[PDB]
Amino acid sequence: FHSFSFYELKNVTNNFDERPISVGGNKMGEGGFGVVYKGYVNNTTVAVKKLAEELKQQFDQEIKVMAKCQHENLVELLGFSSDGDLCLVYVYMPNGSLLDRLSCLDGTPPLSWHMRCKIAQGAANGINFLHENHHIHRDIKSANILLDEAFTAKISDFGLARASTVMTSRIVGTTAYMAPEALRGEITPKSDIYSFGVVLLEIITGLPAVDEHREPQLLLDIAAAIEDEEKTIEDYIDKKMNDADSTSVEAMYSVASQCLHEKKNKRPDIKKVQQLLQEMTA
């Protein structure tokens, strides 16, 4: 929408105070080749991404997409800055990232099963909208699903997004969430479905996708051993909730497992996911 100057964004972000908001600085998180700061423009609380070449691509990209695609489950951009490193201004997300809330970072209460089931549908409804509008996110992860005052899931980061069985030399995304074909250079909506299946797994277990100090390191692998009756979801169900139902949790593991078929073509499409996630909350 608007075109803020470096200096205003600078002045209302205490000169991009890299100290964390917890200490009473402005730094909220680090993502999309940049650092996200708390701002206060237009008498409203916002989020200001200062961008760390190809950089101008990921900037002007995140504008094009964000200008075409608005939806209840996608973050909204308010404006930007070119005047002296680039900046993007977004609507504040008071409950930050699903990752940070899943790990109860900074002491936030654990998310219920109920809140978890609505966050899953939200995230689906945001991807689907992306997929209906011939868009591939390429970076569906926990850290890219933000949470509002209502704990409504909002997908962020389209500075990697691409419009739509194609191949790319610039392989990019997050290893611990990426599909095999995406890992070898395939650009296919079917990759976004797999990543999402990792997110379903994080929602169910509360485990990060990678933990270098866990056996095994990768959540993907916990799902494989379960598919091989070497483990149970039941054993991994996050203990930090009191409302979880076995039927309901098993219904969501079901969607995940299908999302994580290593055969791109055996993966459900976003609508099947949307539908499956609905039928579970019935």
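Quick note: we count residues from 1 along the sequence shown, nothing fancier.
K.L.:
From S103 to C104, how many deposited residues does the entry skip: none, 1 to 3, 4 to 9, or 10 or more?
P.N.:
Per the record, no deposited residues are absent between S103 and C104.
K.L.:
Just how many deposited residues go unmodelled from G107 to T108: none, 1 to 3, 4 to 9, or 10 or more?
P.N.:
The entry has no gap there; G107 and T108 are joined directly.
K.L.:
Going by the B-factors listed in the PDB entry, is the mean over the C-alpha atoms higher for 155 to 163 or for 93 to 101?
P.N.:
The stretch with the larger average C-alpha B-factor is 155 to 163.
K.L.:
Per the PDB record, is the mean Cα temperature factor higher over 201 to 209 or over 74 to 82?
P.N.:
Taking the mean B-factor of the alpha carbons in each, 74 to 82 is higher.
K.L.:
Looking at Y37, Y253, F33, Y236, which one carries the largest C-alpha B-factor according to the PDB entry?
P.N.:
Answer for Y37, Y253, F33, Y236: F33, with the highest C-alpha B-factor.
K.L.:
Comparing recorded Cα B-factors across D221, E215, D60, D245, which one is largest?
P.N.:
Spelled out: the listed residue with the top C-alpha B-factor is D60.
K.L.:
Is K68 in the lowest, middle or highest third of its chain when residues are ranked by C-alpha B-factor?
P.N.:
For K68, the deposited C-alpha B-factor lands in the highest third.
K.L.:
Split into thirds by Cα B-factor across the chain's modelled residues, where does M241 land: lowest, middle or highest?
P.N.:
Ranked within chain, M241 CA B lands in the lowest tercile.
K.L.:
Please place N128 in the lowest, middle or highest third of its chain according to the CA B-factor in the PDB entry.
P.N.:
Ranked within chain, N128 CA B lands in the middle tercile.
K.L.:
Would you please rank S169 by its C-alpha temperature factor against the other modelled residues of its chain and give the third it falls in: lowest, middle or highest?
P.N.:
Answer is highest: the recorded C-alpha B-factor places it there.
K.L.:
So where's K190 on the chain's Cα temperature factor ranking, which third?
P.N.:
Within its chain, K190 is a middle-third residue by C-alpha B-factor, going by the deposited values.
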